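Colleague:
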Amino acid sequence: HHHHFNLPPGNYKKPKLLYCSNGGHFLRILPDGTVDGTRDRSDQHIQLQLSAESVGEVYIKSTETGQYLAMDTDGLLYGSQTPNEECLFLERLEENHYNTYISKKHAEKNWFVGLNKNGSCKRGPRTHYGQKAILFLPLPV
């Protein structure tokens with residue numbers, strides 16, 4: 043392990059919105075594979091279904107398009123049509139409250155799913171422990 047194992051409560055029974063407190067955006071996976079954030083709660087591409095592949099390891103899937111959140115070799119988030127190694131994230135509790143998602147493939151480099159204040163996703167290398175960009179709160183759909 044390169045990371046701790048404090049896990050968030052909650053479960054995977056229902057879909058969720060992943061709210062980023064940095065700029066107040068919901069994580070969004072667009073039909074064309076683009077990933078970003080939006081403040082529009084009525085958006086149809088922010089509803090996500092998470093599932094556990096191993097304890098603490100999850101897939102994050104768009105319920106609208108079926109795409110999986112994935113982080114590529116250069117650290118960019120994208121929507122994948124099929125599940126692959128880039129789609130697994132280590133879901134952890136952070137600051138005793140939030141959920142963070144570390145790329146399993148790039149876990150040794152501490153690359154996280156994160157949104158900037160303007161709603162753009164952060165590239166893996168630009169993320170790190172301690173940022174507000176990596177803190178999410180799962181909300182009901």
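So the number in my numbering is just where the residue sits in the sequence shown, counting from 1, plus 42. For every residue, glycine included, the Cβ atom is placed at its ideal position computed from N, Cα and C.
Our contact map puts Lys151 next to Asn158 with C-beta atoms below 8 Å; I'd like the distance itself, whole angstroms only.
Modeller: That belief does not hold up - the Cβ atoms of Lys151 and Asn158 are roughly 19 Å apart, past 8 Å.
Colleague: Does the Cβ-Cβ distance between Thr80 and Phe68 come in under 8 Å?
Modeller: Their beta carbons are under 8 Å apart, which means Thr80 touches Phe68 by this criterion.
Colleague: Mind the definition here: the segment 83 to 90 touches the segment 56 to 71 only if three or more C-beta pairs lie below 8 Å; say whether that holds.
Modeller: Output reads yes: the segment 56 to 71 touches the segment 83 to 90.
Colleague: Three or more C-beta pairs under 8 Å: does that hold for the segment 105 to 118 against the segment 133 to 140?
Modeller: These segments do not touch.
Colleague: Would the beta-carbon of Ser63 fall within 8 Å of that of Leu179?
Modeller: In this structure, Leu179 lies closer than 8 Å to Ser63 by Cβ.
Colleague: Counting C-beta neighbours from all protein chains within 10 Å, is the total for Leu92 16 or more, i.e. buried, or is it exposed?
Modeller: Label assigned to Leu92: buried.
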